[PDB]
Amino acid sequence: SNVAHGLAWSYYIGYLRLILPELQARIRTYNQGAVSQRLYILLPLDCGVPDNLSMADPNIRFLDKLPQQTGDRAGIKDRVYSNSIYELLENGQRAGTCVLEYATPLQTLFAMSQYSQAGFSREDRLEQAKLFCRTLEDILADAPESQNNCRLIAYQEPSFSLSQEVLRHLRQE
């Protein structure tokens, strides 16, 4: 069970606590319809993470990239952190724009269930996705780096509309 726990702490230490302090400055640079101030992280509990989000939903299209963030990390000179800006559609209309991406460790949970050596049952994929979201929420609720700049979007599919799911959180702000 500690797998999803460590991945959530990994996700915060080696990513969120590094890019969240510099995000609002990157969004301001791109603006100068404006882009929302927060980073919206998609958390599909089925751990189904497509690499191309524009084709995953017709009402979600890639718009542009943010200016890249670079830094020396673990002996890698100028390791690049890049983020994408997406437009959310509603009845053929641009309803909102924001920085949108999936939580990558959910891909790791999915692949571990496929591998036999990983000791990770296929049935345990849902509860680890749940534990990943609970641990990540606990971290961000007490995170100094998280100051109204990060919004988690967790959902479960059984019709469901992903673009309508993101627009709900976007309008709440």
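One-based numbering along the sequence shown. We call the rigid core the largest set of C-alpha positions that still match within 1.5 Å between the two forms.
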item	value
Rigid core superposition result in 5 other deposited structures of this protein, more deviant of 143-151, 105-113 by Cα	143-151
More shifted region, core-based fit in 5 other deposited structures of this protein, 43-51 vs 118-126 by CA	118-126
Entries skipping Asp78: at least a third of other ones	yes
Missing coords for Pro21 in a third or more of other PDB entries	no
Continuity check for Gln32 and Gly33, given as deposited residues lacking coordinates between them	4 to 9
Length class of the unmodelled deposited segment, which would lie between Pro158 and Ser159	4 to 9
Between 143-151 and 34-42 (mean CA B-factor, as deposited), the higher	143-151
51-59 versus 103-111 - which carries the larger mean C-alpha B factor in the record	51-59
Third of the chain's Cα B-factor distribution that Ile27 belongs to, per the entry	highest
B-factor third for the C-alpha atom of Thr97 within its chain	lowest
Within-chain third of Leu170 by Cα B-factor, per the entry	highest
Cα B factor band for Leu162 (lowest, middle or highest third within the chain)	highest
